[PDB]
$ cat upload.cif   # mmCIF, C-alpha atoms and all ligand atoms; chains and numbers go by the auth columns
data_model
#
loop_
_atom_site.group_PDB
_atom_site.id
_atom_site.type_symbol
_atom_site.label_atom_id
_atom_site.label_comp_id
_atom_site.label_asym_id
_atom_site.label_seq_id
_atom_site.Cartn_x
_atom_site.Cartn_y
_atom_site.Cartn_z
_atom_site.B_iso_or_equiv
_atom_site.auth_seq_id
_atom_site.auth_asym_id
ATOM 1 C CA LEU A 1 0.000 0.000 0.000 0.00 7 S
ATOM 2 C CA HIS A 2 1.110 3.615 -0.451 0.00 8 S
ATOM 3 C CA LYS A 3 0.109 7.009 0.801 0.00 9 S
ATOM 4 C CA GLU A 4 -0.860 9.756 -1.729 0.00 10 S
ATOM 5 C CA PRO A 5 -1.608 13.402 -1.007 0.00 11 S
ATOM 6 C CA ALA A 6 -5.010 14.965 -1.022 0.00 12 S
ATOM 7 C CA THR A 7 -6.467 18.297 -0.072 0.00 13 S
ATOM 8 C CA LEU A 8 -9.385 18.831 2.210 0.00 14 S
ATOM 9 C CA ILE A 9 -12.348 20.598 0.632 0.00 15 S
ATOM 10 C CA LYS A 10 -14.992 19.812 3.243 0.00 16 S
ATOM 11 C CA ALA A 11 -15.659 17.424 6.159 0.00 17 S
ATOM 12 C CA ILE A 12 -19.192 15.902 5.734 0.00 18 S
ATOM 13 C CA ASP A 13 -19.707 13.725 8.818 0.00 19 S
ATOM 14 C CA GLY A 14 -17.729 11.316 10.951 0.00 20 S
ATOM 15 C CA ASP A 15 -16.564 9.167 8.085 0.00 21 S
ATOM 16 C CA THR A 16 -17.184 10.992 4.794 0.00 22 S
ATOM 17 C CA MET A 17 -15.416 14.002 3.309 0.00 23 S
ATOM 18 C CA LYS A 18 -14.881 15.926 0.089 0.00 24 S
ATOM 19 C CA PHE A 19 -11.251 16.039 -1.112 0.00 25 S
ATOM 20 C CA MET A 20 -9.404 17.478 -4.010 0.00 26 S
ATOM 21 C CA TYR A 21 -7.705 14.371 -5.311 0.00 27 S
ATOM 22 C CA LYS A 22 -5.416 14.541 -8.360 0.00 28 S
ATOM 23 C CA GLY A 23 -7.000 17.870 -9.196 0.00 29 S
ATOM 24 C CA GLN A 24 -10.649 16.773 -9.103 0.00 30 S
ATOM 25 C CA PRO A 25 -13.123 17.049 -6.243 0.00 31 S
ATOM 26 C CA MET A 26 -14.153 13.627 -5.009 0.00 32 S
ATOM 27 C CA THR A 27 -16.083 12.280 -2.044 0.00 33 S
ATOM 28 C CA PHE A 28 -14.104 9.825 0.131 0.00 34 S
ATOM 29 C CA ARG A 29 -15.441 7.404 2.730 0.00 35 S
ATOM 30 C CA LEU A 30 -13.200 5.909 5.493 0.00 36 S
ATOM 31 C CA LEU A 31 -12.450 2.208 5.070 0.00 37 S
ATOM 32 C CA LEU A 32 -13.428 -0.374 7.748 0.00 38 S
ATOM 33 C CA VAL A 33 -15.392 1.968 10.087 0.00 39 S
ATOM 34 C CA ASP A 34 -18.832 3.317 10.651 0.00 40 S
ATOM 35 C CA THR A 35 -19.448 6.552 12.540 0.00 41 S
ATOM 36 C CA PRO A 36 -23.006 7.069 13.818 0.00 42 S
ATOM 37 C CA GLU A 37 -25.474 8.463 11.320 0.00 43 S
ATOM 38 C CA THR A 38 -26.409 12.138 11.261 0.00 44 S
ATOM 39 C CA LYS A 39 -27.885 12.504 7.687 0.00 45 S
ATOM 40 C CA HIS A 40 -30.116 9.653 6.613 0.00 46 S
ATOM 41 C CA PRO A 41 -33.632 9.563 7.943 0.00 47 S
ATOM 42 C CA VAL A 42 -29.355 11.159 14.340 0.00 51 S
ATOM 43 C CA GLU A 43 -27.705 8.287 16.214 0.00 52 S
ATOM 44 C CA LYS A 44 -25.948 8.838 19.594 0.00 53 S
ATOM 45 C CA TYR A 45 -22.288 9.975 19.137 0.00 54 S
ATOM 46 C CA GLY A 46 -22.997 10.985 15.462 0.00 55 S
ATOM 47 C CA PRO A 47 -22.390 14.720 16.124 0.00 56 S
ATOM 48 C CA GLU A 48 -19.376 13.864 18.350 0.00 57 S
ATOM 49 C CA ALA A 49 -17.845 11.619 15.660 0.00 58 S
ATOM 50 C CA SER A 50 -18.514 14.268 13.032 0.00 59 S
ATOM 51 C CA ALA A 51 -16.849 16.974 15.161 0.00 60 S
ATOM 52 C CA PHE A 52 -13.796 14.794 15.906 0.00 61 S
ATOM 53 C CA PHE A 53 -13.265 13.938 12.248 0.00 62 S
ATOM 54 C CA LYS A 54 -13.730 17.574 11.153 0.00 63 S
ATOM 55 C CA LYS A 55 -11.293 18.885 13.716 0.00 64 S
ATOM 56 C CA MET A 56 -8.655 16.269 12.963 0.00 65 S
ATOM 57 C CA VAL A 57 -8.719 16.880 9.175 0.00 66 S
ATOM 58 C CA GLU A 58 -9.147 20.715 9.297 0.00 67 S
ATOM 59 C CA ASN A 59 -6.190 21.154 11.626 0.00 68 S
ATOM 60 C CA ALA A 60 -3.770 18.892 9.699 0.00 69 S
ATOM 61 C CA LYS A 61 -0.701 20.275 7.874 0.00 70 S
ATOM 62 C CA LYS A 62 -0.867 17.338 5.401 0.00 71 S
ATOM 63 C CA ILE A 63 -3.692 14.967 4.417 0.00 72 S
ATOM 64 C CA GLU A 64 -2.928 11.593 2.694 0.00 73 S
ATOM 65 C CA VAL A 65 -5.146 8.864 1.298 0.00 74 S
ATOM 66 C CA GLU A 66 -4.080 5.214 1.208 0.00 75 S
ATOM 67 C CA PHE A 67 -6.174 2.903 -0.897 0.00 76 S
ATOM 68 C CA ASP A 68 -6.345 -0.762 0.052 0.00 77 S
ATOM 69 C CA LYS A 69 -5.615 -3.619 -2.320 0.00 78 S
ATOM 70 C CA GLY A 70 -9.116 -3.994 -3.916 0.00 79 S
ATOM 71 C CA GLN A 71 -11.877 -1.567 -5.043 0.00 80 S
ATOM 72 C CA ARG A 72 -10.911 2.035 -4.719 0.00 81 S
ATOM 73 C CA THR A 73 -14.451 3.318 -4.931 0.00 82 S
ATOM 74 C CA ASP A 74 -17.805 2.161 -3.635 0.00 83 S
ATOM 75 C CA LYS A 75 -21.089 1.986 -5.550 0.00 84 S
ATOM 76 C CA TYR A 76 -21.801 5.701 -4.740 0.00 85 S
ATOM 77 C CA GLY A 77 -18.582 6.738 -6.452 0.00 86 S
ATOM 78 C CA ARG A 78 -16.862 7.544 -3.068 0.00 87 S
ATOM 79 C CA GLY A 79 -13.155 6.859 -2.802 0.00 88 S
ATOM 80 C CA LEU A 80 -12.446 4.142 -0.208 0.00 89 S
ATOM 81 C CA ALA A 81 -9.270 4.731 1.773 0.00 90 S
ATOM 82 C CA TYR A 82 -7.399 5.015 4.992 0.00 91 S
ATOM 83 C CA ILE A 83 -6.973 8.733 5.620 0.00 92 S
ATOM 84 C CA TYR A 84 -3.965 10.148 7.484 0.00 93 S
ATOM 85 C CA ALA A 85 -3.800 13.581 9.057 0.00 94 S
ATOM 86 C CA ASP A 86 -0.101 14.449 9.702 0.00 95 S
ATOM 87 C CA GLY A 87 0.705 10.765 9.661 0.00 96 S
ATOM 88 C CA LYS A 88 -2.084 9.744 12.070 0.00 97 S
ATOM 89 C CA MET A 89 -4.748 7.408 10.655 0.00 98 S
ATOM 90 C CA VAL A 90 -8.136 9.061 11.109 0.00 99 S
ATOM 91 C CA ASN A 91 -9.926 5.679 10.764 0.00 100 S
ATOM 92 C CA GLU A 92 -7.988 4.386 13.828 0.00 101 S
ATOM 93 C CA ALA A 93 -8.301 7.660 15.752 0.00 102 S
ATOM 94 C CA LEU A 94 -12.123 7.520 15.634 0.00 103 S
ATOM 95 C CA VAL A 95 -12.241 3.812 16.591 0.00 104 S
ATOM 96 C CA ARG A 96 -9.752 4.383 19.446 0.00 105 S
ATOM 97 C CA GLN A 97 -12.147 7.019 20.967 0.00 106 S
ATOM 98 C CA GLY A 98 -15.168 4.743 20.706 0.00 107 S
ATOM 99 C CA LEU A 99 -16.602 7.173 18.128 0.00 108 S
ATOM 100 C CA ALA A 100 -16.683 4.560 15.353 0.00 109 S
ATOM 101 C CA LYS A 101 -17.107 0.779 15.185 0.00 110 S
ATOM 102 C CA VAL A 102 -15.171 -1.548 12.899 0.00 111 S
ATOM 103 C CA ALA A 103 -17.674 -2.183 10.068 0.00 112 S
ATOM 104 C CA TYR A 104 -18.152 -2.783 6.327 0.00 113 S
ATOM 105 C CA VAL A 105 -15.329 -5.210 6.272 0.00 114 S
ATOM 106 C CA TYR A 106 -15.368 -6.151 2.574 0.00 115 S
ATOM 107 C CA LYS A 107 -12.459 -8.362 1.395 0.00 116 S
ATOM 108 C CA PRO A 108 -9.945 -7.733 -0.106 0.00 117 S
ATOM 109 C CA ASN A 109 -9.976 -4.276 1.454 0.00 118 S
ATOM 110 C CA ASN A 110 -9.201 -5.413 4.969 0.00 119 S
ATOM 111 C CA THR A 111 -5.489 -4.752 5.298 0.00 120 S
ATOM 112 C CA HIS A 112 -5.805 -2.715 8.534 0.00 121 S
ATOM 113 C CA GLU A 113 -8.648 -4.742 9.968 0.00 122 S
ATOM 114 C CA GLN A 114 -6.696 -6.268 12.870 0.00 123 S
ATOM 115 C CA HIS A 115 -5.048 -2.990 13.720 0.00 124 S
ATOM 116 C CA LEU A 116 -8.457 -1.305 13.891 0.00 125 S
ATOM 117 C CA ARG A 117 -10.006 -4.151 15.860 0.00 126 S
ATOM 118 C CA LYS A 118 -7.234 -3.825 18.462 0.00 127 S
ATOM 119 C CA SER A 119 -8.029 -0.149 18.849 0.00 128 S
ATOM 120 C CA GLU A 120 -11.775 -0.960 19.119 0.00 129 S
ATOM 121 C CA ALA A 121 -11.107 -3.518 21.819 0.00 130 S
ATOM 122 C CA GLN A 122 -9.155 -0.920 23.836 0.00 131 S
ATOM 123 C CA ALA A 123 -11.925 1.717 23.406 0.00 132 S
ATOM 124 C CA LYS A 124 -14.424 -0.915 24.595 0.00 133 S
ATOM 125 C CA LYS A 125 -12.263 -1.935 27.610 0.00 134 S
ATOM 126 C CA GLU A 126 -11.997 1.748 28.480 0.00 135 S
ATOM 127 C CA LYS A 127 -15.816 2.105 28.168 0.00 136 S
ATOM 128 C CA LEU A 128 -15.470 5.118 25.787 0.00 137 S
ATOM 129 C CA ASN A 129 -18.386 6.897 24.091 0.00 138 S
ATOM 130 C CA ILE A 130 -20.249 4.182 22.099 0.00 139 S
ATOM 131 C CA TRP A 131 -18.968 1.608 24.643 0.00 140 S
ATOM 132 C CA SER A 132 -19.902 3.622 27.678 0.00 141 S
HETATM 133 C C1 LIG B . -17.128 1.802 4.086 0.00 201 G
HETATM 134 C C2 LIG B . -17.851 1.190 2.840 0.00 201 G
HETATM 135 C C3 LIG B . -19.179 1.499 2.650 0.00 201 G
HETATM 136 N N1 LIG B . -19.787 0.921 1.559 0.00 201 G
HETATM 137 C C4 LIG B . -21.184 1.137 1.353 0.00 201 G
HETATM 138 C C5 LIG B . -21.914 0.086 2.196 0.00 201 G
HETATM 139 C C6 LIG B . -23.169 0.833 2.550 0.00 201 G
HETATM 140 O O1 LIG B . -24.056 0.803 1.409 0.00 201 G
HETATM 141 P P1 LIG B . -25.671 0.953 1.588 0.00 201 G
HETATM 142 O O2 LIG B . -25.929 2.401 1.775 0.00 201 G
HETATM 143 O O3 LIG B . -26.207 0.474 0.237 0.00 201 G
HETATM 144 O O4 LIG B . -26.004 0.133 2.776 0.00 201 G
HETATM 145 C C7 LIG B . -22.751 2.271 2.673 0.00 201 G
HETATM 146 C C8 LIG B . -22.334 2.559 4.127 0.00 201 G
HETATM 147 O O5 LIG B . -21.868 3.900 4.089 0.00 201 G
HETATM 148 P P2 LIG B . -22.315 5.061 5.088 0.00 201 G
HETATM 149 O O6 LIG B . -22.044 4.460 6.446 0.00 201 G
HETATM 150 O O7 LIG B . -21.668 6.338 4.621 0.00 201 G
HETATM 151 O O8 LIG B . -23.844 5.236 4.879 0.00 201 G
HETATM 152 O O9 LIG B . -21.593 2.403 1.826 0.00 201 G
HETATM 153 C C9 LIG B . -19.052 0.112 0.661 0.00 201 G
HETATM 154 O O10 LIG B . -19.633 -0.419 -0.362 0.00 201 G
HETATM 155 N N2 LIG B . -17.738 -0.146 0.800 0.00 201 G
HETATM 156 C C10 LIG B . -17.106 0.351 1.921 0.00 201 G
HETATM 157 O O11 LIG B . -15.942 0.009 2.064 0.00 201 G
HETATM 158 CA CA CA B . -21.556 6.140 8.761 0.00 202 G
#
$ encode --input "upload.cif" --output "structure tokens" --more "lines below"
Ligand SMILES: Cc1cn([C@H]2C[C@H](OP(=O)(O)O)[C@@H](COP(=O)(O)O)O2)c(=O)[nH]c1=O
Ligand SMILES: [Ca+2]
Amino acid sequence: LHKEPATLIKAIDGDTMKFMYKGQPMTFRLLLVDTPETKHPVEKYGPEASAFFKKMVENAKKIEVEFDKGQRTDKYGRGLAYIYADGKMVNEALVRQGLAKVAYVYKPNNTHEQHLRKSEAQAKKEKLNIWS
């Protein structure tokens, strides 16, 4: 896997964002996680997850996207990646706070699954947010 740059245009919710990627605006969706819903007809921790994601990506010097080994987009045309803000994976950061659950684990895009599950298990043991 490799990391590629991208530019933040807008944070949408806990797990979806608009990026300028190779000079074209594109929606991206975090791999392997689900933040609580705030759009579709509001789940507990949805606004909290959304705020955490927004703050982490808005404050970054450098944003990178890392595709996994399979599909790079989902059926809605969203890019599927691990997103890094100054080298810190946002997917893991949300899970580690109990603001997302490991979810949507679709092979072959499961490279960081165990890493994320370990963070989830720590958030759960610490009784954080969704696990509280
Ligand atoms: C994270 C992810 C979501 N999806 C799809 C599954 C869900 O489709 P359906 O909407 O048809 O259920 C939706 C979950 O995204 P959201 O959590 O943004 O709604 O996006 C993928 O196909 N691949 C992925 O890797
Ligand atoms: Ca979601």
$ residues_around --input "upload.cif" --residues "residue 13 of chain S" --least-positions-apart "3" --cutoff "9 Å" --atoms "all atoms listed in the file" --output "compact mmCIF listing (two decimals) with C-alpha atoms, keeping the file's coordinate frame"
# COMPACT_ATOMS: atom_id res chain seq x y z
CA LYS S 24 -14.88 15.93 0.09
CA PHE S 25 -11.25 16.04 -1.11
CA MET S 26 -9.40 17.48 -4.01
CA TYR S 27 -7.70 14.37 -5.31
CA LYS S 71 -0.87 17.34 5.40
CA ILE S 72 -3.69 14.97 4.42
CA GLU S 73 -2.93 11.59 2.69
$ residues_near_ligand --input "upload.cif" --ligand "ligand LIG 201 (chain G)" --cutoff "10 Å" --atoms "all atoms listed in the file" --output "ChimeraX atom specification"
/S:18-23,34-46,77,79-90,111-116,118-119
$ closest_residue --input "upload.cif" --among "S:102, S:139, S:74, S:65" --to "residue 12 of chain S" --atoms "all atoms listed in the file"
S:74
$ closest_residue --input "upload.cif" --among "S:51, S:103, S:66, S:130" --to "residue 16 of chain S" --atoms "only C-alpha atoms"
S:66
$ closest_residue --input "upload.cif" --among "S:117, S:132, S:140, S:29" --to "residue 54 of chain S" --atoms "all atoms listed in the file"
S:140
$ atom_distance --input "upload.cif" --atom1 "atom CA of residue 57 of chain S" --atom2 "atom CA of residue 31 of chain S"
25.6 Å
$ atom_distance --input "upload.cif" --atom1 "atom CA of residue 67 of chain S" --atom2 "atom CA of residue 95 of chain S"
11.0 Å
$ axis_aligned_box --input "upload.cif" --around "segment 17-33 of chain S" --padding-each-side "6 Å" --output "AutoDock Vina command-line options"
--center_x -12.6 --center_y 13.5 --center_z 0.9 --size_x 26.3 --size_y 20.7 --size_z 32.1
$ closest_residue --input "upload.cif" --among "S:137, S:125, S:60, S:69" --to "residue 91 of chain S" --atoms "all atoms listed in the file"
S:125
$ closest_residue --input "upload.cif" --among "S:110, S:126, S:134, S:70" --to "ligand CA 202 (chain G)" --atoms "all atoms listed in the file"
S:110
$ atom_distance --input "upload.cif" --atom1 "atom CA of ligand CA 202 (chain G)" --atom2 "atom CA of residue 28 of chain S"
25.0 Å
$ closest_residue --input "upload.cif" --among "S:14, S:120, S:107, S:78" --to "residue 141 of chain S" --atoms "only C-alpha atoms"
S:107
$ decode --input "upload.cif" --residues "segment 95-129 of chain S" --atoms "N, CA, C and O atoms" --output "compact mmCIF listing (two decimals), in the first residue's frame"
# COMPACT_ATOMS: atom_id res chain seq x y z
N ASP S 95 -1.48 14.33 9.11
CA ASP S 95 -0.10 14.45 9.70
C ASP S 95 0.38 13.09 10.21
O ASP S 95 0.93 12.96 11.32
N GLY S 96 0.14 12.06 9.40
CA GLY S 96 0.70 10.76 9.66
C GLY S 96 -0.12 9.93 10.58
O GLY S 96 0.23 8.75 10.79
N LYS S 97 -1.24 10.48 11.10
CA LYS S 97 -2.08 9.74 12.07
C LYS S 97 -3.30 9.24 11.32
O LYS S 97 -4.03 10.05 10.70
N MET S 98 -3.56 7.92 11.40
CA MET S 98 -4.75 7.41 10.65
C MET S 98 -6.05 7.85 11.31
O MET S 98 -6.28 7.55 12.47
N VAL S 99 -6.88 8.57 10.54
CA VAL S 99 -8.14 9.06 11.11
C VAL S 99 -9.07 7.87 11.41
O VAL S 99 -9.79 7.90 12.42
N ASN S 100 -9.03 6.82 10.55
CA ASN S 100 -9.93 5.68 10.76
C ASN S 100 -9.66 5.12 12.19
O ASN S 100 -10.60 4.81 12.95
N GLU S 101 -8.36 4.96 12.53
CA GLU S 101 -7.99 4.39 13.83
C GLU S 101 -8.33 5.36 14.94
O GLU S 101 -8.74 4.92 16.02
N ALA S 102 -8.10 6.68 14.70
CA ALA S 102 -8.30 7.66 15.75
C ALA S 102 -9.75 7.67 16.23
O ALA S 102 -10.01 7.66 17.44
N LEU S 103 -10.68 7.57 15.28
CA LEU S 103 -12.12 7.52 15.63
C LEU S 103 -12.44 6.25 16.40
O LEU S 103 -13.16 6.31 17.42
N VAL S 104 -11.99 5.11 15.90
CA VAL S 104 -12.24 3.81 16.59
C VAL S 104 -11.64 3.84 18.04
O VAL S 104 -12.29 3.40 19.01
N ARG S 105 -10.41 4.36 18.15
CA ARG S 105 -9.75 4.38 19.45
C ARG S 105 -10.50 5.21 20.53
O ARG S 105 -10.46 4.87 21.73
N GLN S 106 -11.33 6.18 20.07
CA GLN S 106 -12.15 7.02 20.97
C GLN S 106 -13.56 6.45 21.20
O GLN S 106 -14.35 7.02 21.95
N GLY S 107 -13.86 5.32 20.58
CA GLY S 107 -15.17 4.74 20.71
C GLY S 107 -16.15 5.66 19.98
O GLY S 107 -17.34 5.74 20.36
N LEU S 108 -15.69 6.35 18.93
CA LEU S 108 -16.60 7.17 18.13
C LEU S 108 -16.94 6.54 16.76
O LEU S 108 -17.70 7.11 15.96
N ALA S 109 -16.31 5.40 16.47
CA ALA S 109 -16.68 4.56 15.35
C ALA S 109 -16.55 3.09 15.75
O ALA S 109 -15.71 2.74 16.61
N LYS S 110 -17.24 2.23 15.00
CA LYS S 110 -17.11 0.78 15.18
C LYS S 110 -16.42 0.26 13.94
O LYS S 110 -16.56 0.86 12.87
N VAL S 111 -15.60 -0.78 14.09
CA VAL S 111 -15.17 -1.55 12.90
C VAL S 111 -16.38 -2.14 12.18
O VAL S 111 -17.21 -2.84 12.78
N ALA S 112 -16.46 -1.88 10.86
CA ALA S 112 -17.67 -2.18 10.07
C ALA S 112 -17.33 -2.27 8.60
O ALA S 112 -16.25 -1.84 8.21
N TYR S 113 -18.26 -2.81 7.81
CA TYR S 113 -18.15 -2.78 6.33
C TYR S 113 -16.86 -3.43 5.94
O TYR S 113 -16.05 -2.90 5.16
N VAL S 114 -16.58 -4.57 6.56
CA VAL S 114 -15.33 -5.21 6.27
C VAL S 114 -15.51 -6.05 5.02
O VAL S 114 -16.04 -7.18 5.07
N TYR S 115 -15.19 -5.47 3.86
CA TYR S 115 -15.37 -6.15 2.57
C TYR S 115 -13.98 -6.57 2.00
O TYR S 115 -13.20 -5.72 1.51
N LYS S 116 -13.65 -7.85 2.06
CA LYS S 116 -12.46 -8.36 1.39
C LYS S 116 -12.50 -8.04 -0.06
O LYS S 116 -13.60 -8.01 -0.65
N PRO S 117 -11.33 -7.72 -0.67
CA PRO S 117 -9.94 -7.73 -0.11
C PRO S 117 -9.50 -6.48 0.65
O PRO S 117 -8.31 -6.32 0.94
N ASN S 118 -10.39 -5.52 0.81
CA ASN S 118 -9.98 -4.28 1.45
C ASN S 118 -10.05 -4.41 2.96
O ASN S 118 -10.88 -3.73 3.63
N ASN S 119 -9.17 -5.22 3.52
CA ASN S 119 -9.20 -5.41 4.97
C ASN S 119 -7.80 -5.41 5.53
O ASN S 119 -7.52 -6.00 6.60
N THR S 120 -6.90 -4.74 4.84
CA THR S 120 -5.49 -4.75 5.30
C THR S 120 -5.33 -4.32 6.77
O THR S 120 -4.57 -4.95 7.55
N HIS S 121 -5.99 -3.22 7.17
CA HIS S 121 -5.81 -2.71 8.53
C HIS S 121 -6.87 -3.20 9.47
O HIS S 121 -7.07 -2.61 10.55
N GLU S 122 -7.58 -4.26 9.10
CA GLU S 122 -8.65 -4.74 9.97
C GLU S 122 -8.19 -5.08 11.39
O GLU S 122 -8.82 -4.62 12.37
N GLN S 123 -7.11 -5.85 11.52
CA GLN S 123 -6.70 -6.27 12.87
C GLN S 123 -6.21 -5.14 13.71
O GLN S 123 -6.51 -5.08 14.88
N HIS S 124 -5.54 -4.17 13.06
CA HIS S 124 -5.05 -2.99 13.72
C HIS S 124 -6.21 -2.21 14.28
O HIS S 124 -6.21 -1.77 15.45
N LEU S 125 -7.24 -2.00 13.46
CA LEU S 125 -8.46 -1.31 13.89
C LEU S 125 -9.23 -2.06 14.97
O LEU S 125 -9.71 -1.46 15.94
N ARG S 126 -9.30 -3.38 14.86
CA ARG S 126 -10.01 -4.15 15.86
C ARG S 126 -9.33 -4.03 17.20
O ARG S 126 -10.01 -4.07 18.22
N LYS S 127 -7.99 -3.97 17.20
CA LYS S 127 -7.23 -3.82 18.46
C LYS S 127 -7.55 -2.51 19.13
O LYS S 127 -7.78 -2.47 20.38
N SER S 128 -7.66 -1.45 18.31
CA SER S 128 -8.03 -0.15 18.85
C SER S 128 -9.46 -0.15 19.40
O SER S 128 -9.70 0.46 20.43
N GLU S 129 -10.37 -0.85 18.71
CA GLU S 129 -11.77 -0.96 19.12
C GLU S 129 -11.85 -1.66 20.48
O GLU S 129 -12.61 -1.27 21.35
